[PDB]
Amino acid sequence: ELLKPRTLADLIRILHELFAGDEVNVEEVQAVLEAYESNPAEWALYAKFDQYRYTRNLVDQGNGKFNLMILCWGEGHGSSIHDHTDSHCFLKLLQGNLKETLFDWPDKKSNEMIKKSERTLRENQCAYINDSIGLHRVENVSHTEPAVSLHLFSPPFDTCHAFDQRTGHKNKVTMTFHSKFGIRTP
């Protein structure tokens, strides 16, 4: 029985129920994420920005089933084109807008990665991706508004691949946390 999360804490409690088992009902998880109405006071603790690039701020470890993190995107900050390491990725906007650009997996042949589509993800909207769907890039293209997003990865992963848009070549990247549970983690 899916109920509207009243607060971020309530959302987290609900997520623990939805990930209690070994599989993932993607549509239910996405629906509850989209039903949480972003309340900045509830997530201010995690919203730690860096001047030069986007930051990853761990919120909850999902009893081992998922990582829930808040990403803070300064103006013009964006990601690589990347995969999600055989995990589910849910991305909910908490503040601002993000451009999501979709790419297919490259062939072995070195070639330009041509975008398959793009969309603007707006406040409170929740997107979903996995490796079976493809790759994406996420960017805050705003010149005037920082963006904040809530990401759920299941299972948790700490590495992924970045893809060179010019060639399709991939490189392994280890993700780092800017903070965990509100505590800056150099």
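From 1 onward, residues are counted along the sequence shown.
Looking at mean Cα B-factors across 156 to 164 and 50 to 58, the upper value is held by 156 to 164.
Here the stretch with the larger average CA B-factor, out of 85 to 93 and 103 to 111, is 103 to 111. Ranking 142, 39, 124, 63 by Cα temperature factor from the entry places 63 first.
For residue 20, the recorded CA temperature factor ranks within the middle third of the chain's modelled residues. Annotation for residue 14: CA B-factor lies in the middle third of the chain's modelled residues. Split the chain's modelled residues into thirds by C-alpha temperature factor. Residue 7 is in the lowest one.
The PDB entry assigns residue 30 a C-alpha temperature factor belonging to the middle third of its chain's modelled residues.
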